[PDB]
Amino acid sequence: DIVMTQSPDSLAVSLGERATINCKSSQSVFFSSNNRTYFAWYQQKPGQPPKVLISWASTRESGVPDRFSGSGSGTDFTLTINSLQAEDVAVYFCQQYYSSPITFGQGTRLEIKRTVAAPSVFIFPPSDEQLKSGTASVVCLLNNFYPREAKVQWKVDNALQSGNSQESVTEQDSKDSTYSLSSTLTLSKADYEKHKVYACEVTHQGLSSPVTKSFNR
């Protein structure tokens, strides 16, 4: 099969700047007889299927804003996104349709850089319903922040926890370019009832000093 290789695998670009995504094919997908390159670019936004941006290496598909442009021919191709917008956050795929089977690039992840935004922090105790099953989940929410890098530390009676928490981060928002993050501390009911103060400490570039949210019982 024809192999499509994209470079880079991921990149972050500020709003209003230019993003460049490259794709190489293992053979020429240019046909000399009809002056056509059998190449296409797709955009896949979070939670959505791919949407075609560029056909024939360089033809912008209808409805695609003209700040997207595709260039190249033969084996080396480039997608250019000028004046980057928040909604451009996506994975961008290349595809050849020169010969069956059609093949796709592995994807390039586009991250939007924006101004720093501090997280809103919330802590949630385990429900009484969950406690009757023998497990306690304590949840810490970091809402609508940028950049993605953040430090969440669980403390139980001021003792630092490790190995009993998991994190999940949302895809970057297509409108305000922020992230949200959840940290879940999982304890046995017995261990949960052994202690009183459950605290979530968040360290983030948008916070001048770490923020703690806590509850008792």
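In this text, residue numbers run from 1 along the sequence as written.
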- Ranked by mean Cα B-factor in the entry, 132-140 and 89-97, top stretch is 132-140
- Higher average CA B factor in the deposited record is what I'm after, so tell me if that's 36-44 or 161-169. 161-169
- Member of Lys189, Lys51, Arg60, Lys175 with the greatest C-alpha B factor (per the PDB record): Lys189
- Out of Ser69, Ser182, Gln153, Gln27, highest CA B-factor residue: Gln153
- Query: According to the PDB entry, is the CA B factor of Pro147 in the bottom, middle or top third of its chain, that is, lowest, middle or highest?
  - Reply: highest
- Within-chain third of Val13 by Cα B-factor, per the entry: middle
- Message: By the recorded C-alpha temperature factor, relative to the other modelled residues in its chain, which third is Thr103 in?
- Response: lowest
- C-alpha B factor of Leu79, ranked within the chain: lowest, middle or highest third? middle
- Message: Lowest, middle or highest third: which one holds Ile21 when the chain's residues are ordered by CA B-factor from the entry?
- Response: lowest
